[PDB]
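Read through the structure below, which is laid out as structure tokens, and then see the notes.
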Amino acid sequence: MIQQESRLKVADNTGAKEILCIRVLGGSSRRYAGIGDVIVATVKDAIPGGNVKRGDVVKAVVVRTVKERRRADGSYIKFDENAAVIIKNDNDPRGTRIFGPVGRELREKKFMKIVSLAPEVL
Amino acid sequence: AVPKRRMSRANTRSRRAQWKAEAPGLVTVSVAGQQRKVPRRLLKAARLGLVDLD
Amino acid sequence: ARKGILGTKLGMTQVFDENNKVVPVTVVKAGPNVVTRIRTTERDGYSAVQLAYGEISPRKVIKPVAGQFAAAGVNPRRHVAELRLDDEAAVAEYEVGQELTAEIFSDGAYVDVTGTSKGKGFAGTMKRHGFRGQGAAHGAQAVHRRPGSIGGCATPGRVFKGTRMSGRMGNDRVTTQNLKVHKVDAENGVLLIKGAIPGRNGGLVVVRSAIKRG
Amino acid sequence: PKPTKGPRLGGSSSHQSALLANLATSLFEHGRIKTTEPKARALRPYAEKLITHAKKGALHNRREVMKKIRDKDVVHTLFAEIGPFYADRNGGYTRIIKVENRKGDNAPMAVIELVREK
Amino acid sequence: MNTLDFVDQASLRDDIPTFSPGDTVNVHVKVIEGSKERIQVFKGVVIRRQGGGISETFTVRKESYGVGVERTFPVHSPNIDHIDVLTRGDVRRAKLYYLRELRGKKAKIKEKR
RNA sequence: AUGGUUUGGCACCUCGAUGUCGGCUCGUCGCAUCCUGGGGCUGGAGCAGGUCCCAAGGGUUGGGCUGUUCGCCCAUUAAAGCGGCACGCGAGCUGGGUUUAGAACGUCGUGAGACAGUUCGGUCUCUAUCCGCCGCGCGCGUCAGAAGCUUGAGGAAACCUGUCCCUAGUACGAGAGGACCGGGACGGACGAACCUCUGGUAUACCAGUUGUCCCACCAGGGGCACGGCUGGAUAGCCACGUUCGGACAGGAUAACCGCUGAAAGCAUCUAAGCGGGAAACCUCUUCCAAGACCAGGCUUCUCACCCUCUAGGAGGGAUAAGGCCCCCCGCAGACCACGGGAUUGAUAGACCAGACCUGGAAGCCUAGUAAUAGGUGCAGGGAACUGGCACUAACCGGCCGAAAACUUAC
């Protein structure tokens, strides 16, 4: 249940720590973004000499949320913190290592390299 | 706000005739050998000796 | 050509599928209705059928109604509604007296129900019609939840009927469509509809095979 | 018991609860009280429940009564007479009787009694 | 008698253990991956249980790679071939939502005795 | 030549008051159409297009700067339309600007002071009489009085679209690249209904807890302190949540494509005729509706008394069917209405049991120096949900409410 002007953490190697949501892609007047919906997002923090730089405009995906999400089985999920992953136009990550867990939704959105790089999918 | 005209006799008396009154539906009671008329709401309380009958 | 039946809403619950999905099923107790009367193009000018459901202890019914039931020969019931059919096709399968039972449907059958909605009383715009109200701060002098404007200025100088306003919403007949059906119980005379049907638990529904899908 | 569906009886839950307790006090003290109607309508259940605690007599029931009404003479009265006196009558200890309205505000009035028939 | 009881008792799932919040637990979940149906394990601390009879559900918190993860479940689902308590818990509360604000050795629980 | 929105021209109503820029909320209308839909021509290979015709049903984003309209930019989008209604709307809101008194800078003036120059600050009054509009009642009417079921004139609501997959890496083309038509799956915004799940609220639920006063004191509890605060919280109400919806087809059509064919030896979509044809139109979909005065229809029950005015036609009584009031109530509700029950009774409240929420009571016993912990014990407490029980109340009853006839056809 994410929006504009929302700060998120990164789960990558890219050399960023934080990001900011600018849009939510998948239509027009889309208000919310869940676990598996692309965003377009800039950078508000960096590592010392990361590849990424503070002020970029990159494109990302959400893998975690703090708001709950149903599934077909009647189950739910709730992570603690809102996290995201930089991704390039072929829906591939920029990084090489993923931090922390993700959701099973990404296997069915066709975000699968991520799931291969995930340590713990839930 | 404030009216604009002197609202007529017809309309005036017409609406005024809605501010009326109805009468309660009365019922007898055999109050100790004699009879008096009382609403039905209070019938038991009269037969038990609480209603101030004047 | 249009199978319908009367029933009573009970509540809601969950059940599961073979793929282990979960379905929010509403229950209905279509107790076995009775056909009181009939409607034809010779008598009345249209094609229909008239149904009955419930129980009255025999002194609560009125004498006109008792005549309407004893003339057709059968006993009195609470609620009496009327499906409207197409012709002799949908009439040739009905007989006065006969007991309908819920088995006339099958799992997967798409239905449309009708029911009397729940009441909400004298409702404002922000509950009837979903208006953005107005701001709660920045200088507002007492307009935090009331609509705004209502028209022009000396043209028209009127208010354009159907202008939306406060008043009693709720308590209206409502139609809910294309609901699948998950299970039928013949032992207890029950349907397990999917979805979410109108009304308050303990009222009256009327379920029908759907137009778009039947 | 079943809470008031709307706004309360004298201006707040505080004043409501205090008022009900004073009126139960007066009731068990005398046997009849004359009061406006919704107070009686609100005071049947409260009082019947206190009476039920009295019937099922115990230290614990007694304290859980004393934490409302604040009057030891009246609790002694309950647990001494009104408790056993309504042993076999299972439910329904009170009676309401409507009477002549009130001059000042036409308001209803009602006399709430304890029954005495067993 | 829970009006839909005659609808639900013929659909319940028997033999579900009497557990309770605080009771640490491991859950064997059915899951579908690559159109194969296999099983996964999920360990954690039951922080609640919300009765409704057949709509009843429970919640399991876990620490994953520094990230807290609640996973909810309905009790009677066929997506559960096992629920196995590992420990018990001395907790005064019923709903243990005070574990969200806590990390580390502070979000530990006692055991019965 | 239009249109009358723009800067202006005239000064015709309003100066014994027509409240002025923009923003918000709320619309509704036009098409000179941004997208969607149909189509003719191409310097149209195909994908994309360019221009022109018909077409208004629906939709027509969030953000940075500026008081700003306009505009520029960022990121998306199927698309980011143009305008009117006192440059829509201040008895609906703002009051940043502009346009009162304060003050300052530049320039003019000797000076008071001024600037379609600037800069910081600066009271927005009103109980809705009438029309209008959204909803809801009383009365009378529809040739006897009443109760149920309903037809449908005529009106309203809804109408949006995208991305991938087979079609096919085929058509096409040097290749790059790359389809029409037609079938599917999954989603965005919107709208309704509902509360099983999730989540929120919870002023008579439970537990913990601080200060303090009282219950003679310890214990155990209460009152006040925004419910004192904190953790949680069934029902009801709700949305972030659930499910569903936007049909399919059909008739007459616009632009358009035509067939047969003259006047006019050929020719021509037409002058006589016959066709196909769009999100627009009429039906279909959901709602209302016989106060639709052409006041409808199919049905059922009652379907029968009395006294007066001098029998003139009326009047006045007591009635049946039935309704109303009083009464118990509702998840129906501004009041009224609506819905149900009314001892031939489970409507409400209580009581017993259950479900669920809280979370292991008081008392006693034990261990402890004491804080306190353990046992008895899913304990106790407790509100709406459910089943049972007639114990209390729904009463030993008042009021309204039924037939001029007349003619043809029979």
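Residue numbers (this note's numbering), protein chains in the order written: chain A, 1 to 122; chain E, 1001 to 1054; chain V, 2001 to 2214; chain L, 3001 to 3118; chain U, 4001 to 4113. No residue lacks a Cβ here, since even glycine has one placed at the ideal position from N, Cα and C.
Using a Cβ-Cβ distance cut-off of 7 Å, determine whether residue i contacts chain A.
i, result
"V/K2021", "yes"
"U/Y4065", "yes"
Would you give the residue range spanned by the beta strand (DSSP E) that residue i belongs to?
i, result
"L/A3042", "That residue, L/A3042, is in no beta strand (DSSP E); its alpha helix (DSSP H) goes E3037 to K3055."
"V/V2049", "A2048 to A2052"
"L/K3072", "Run containing L/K3072: none in the beta strand (DSSP E); it sits in the alpha helix (DSSP H), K3072 to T3077."
"V/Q2177", "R2173 to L2179"
"V/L2010", "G2004 to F2016"
"U/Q4050", "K4036 to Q4050"
"L/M3109", "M3109 to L3114"
"V/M2169", "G2167 to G2170"
"V/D2112", "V2111 to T2116"
Could you confirm whether any beta carbon from chain U is found closer than 7 Å to the beta carbon of residue i?
i, result
"V/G2124", "no"
"A/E120", "yes"
"V/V2015", "yes"
Does chain E have any CB closer than 7 Å to the CB of residue i?
i, result
"L/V3115", "no"
Are the C-beta of residue i and some C-beta of chain V separated by less than 7 Å?
i, result
"U/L4012", "no"
"U/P4078", "yes"
Along chain E, which residues have their Cβ under 9 Å away from the Cβ of residue i?
i, result
"L/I3033", "Near L/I3033 there are no residues of chain E at all, since even the closest Cβ is about 12 Å away, more than 9 Å."
"L/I3112", "Going along chain E, no residue has its Cβ under 9 Å from L/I3112, so there is no contact; the nearest lies around 12 Å."
"L/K3098", "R1041, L1042, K1044 and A1045"
Take residue i and list the residues in its own chain whose beta-carbon comes closer than 7 Å to its own, dropping the five residues that flank it on each side.
i, result
"V/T2175", "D2112 and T2114"
"L/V3115", "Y3093 and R3095"
"U/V4075", "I4016, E4056, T4057 and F4058"
"U/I4054", "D4008, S4011, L4012 and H4076"
Would you mind reading off the limits of the alpha helix (DSSP H) that contains residue i?
i, result
"A/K78", "Note, A/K78: premise wrong, no alpha helix (DSSP H); beta strand (DSSP E) at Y76 to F79."
"U/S4064", "First-last for U/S4064: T4057 to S4064, but that is the beta strand (DSSP E), not the alpha helix (DSSP H)."
"V/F2069", "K2063 to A2071"
"L/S3017", "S3013 to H3030"
"V/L2191", "From DSSP, V/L2191 is part of no alpha helix (DSSP H) but of the beta strand (DSSP E) over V2190 to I2193."
"L/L3059", "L3059 to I3069"
"A/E120", "Here A/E120 belongs to no alpha helix (DSSP H), and DSSP marks it neither H nor E."
"E/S1014", "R1009 to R1016"
"V/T2041", "Unbroken run through V/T2041: none, as it is neither H nor E."
Just to make sure I have the definition right: I need the residues of chain U whose C-beta is within less than 8 Å of the C-beta of residue i. Which are they?
i, result
"A/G100", "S4064, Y4065, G4066 and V4067"
"V/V2027", "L4004 and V4007"
Closer than 7 Å by beta-carbon distance: list the chain U residues that pair up with residue i, in chain order.
i, result
"A/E81", "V4067"
What in chain E is Cβ-close to residue i, meaning under 8 Å?
i, result
"L/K3039", "In chain order: nothing, as chain E lies at least about 17 Å away."
In chain U, what lies closer than 9 Å to residue i by C-beta?
i, result
"V/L2010", "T4003, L4004 and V4007"
"V/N2188", "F4006 and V4007"
For residue i, which residues in the same chain have their Cβ closer than 6 Å to its Cβ, ignoring the five residues on either side in sequence?
i, result
"A/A11", "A83, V85, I98, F99 and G100"
"L/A3110", "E3037, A3040, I3096 and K3098"
"V/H2182", "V2023, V2025, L2192 and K2194"
In chain A, which residues lie less than 9 Å from residue i when you measure between Cβ atoms?
i, result
"U/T4072", "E68, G74, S75, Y76, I77 and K78"
Taking 7 Å as the CB-CB limit, is residue i close to chain L?
i, result
"E/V1027", "no"
"E/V1002", "no"
Starting from the beta carbon of residue i, find every residue of chain L whose beta carbon is closer than 7 Å, and list them in chain order.
i, result
"E/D1054", "Simply none; closest approach about 10 Å."
Inset, instruction - Note down, in chain order, all residues in the segment 4025 to 4055 of chain U with a beta-carbon under 8 Å from any beta-carbon belonging to chain V. - result: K4030, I4054 and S4055
Legend entry - Against chain U: residues of the segment 2086 to 2114 of chain V by CB proximity under 9 Å: none
Inset, instruction - Please list the residues of the segment 67 to 79 of chain A that have a C-beta atom closer than 8 Å to any C-beta atom in chain U, keeping them in chain order. - result: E68, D73, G74, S75, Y76, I77, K78 and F79
Inset, instruction - Name, going along the chain, the residues of the segment 1029 to 1041 of chain E whose beta-carbon falls closer than 9 Å to a beta-carbon of chain L. - result: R1041
Inset, instruction - Taking only beta carbons into account, state which residues of the segment 4080 to 4105 of chain U come closer than 8 Å to chain A, listed in chain order. - result: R4100
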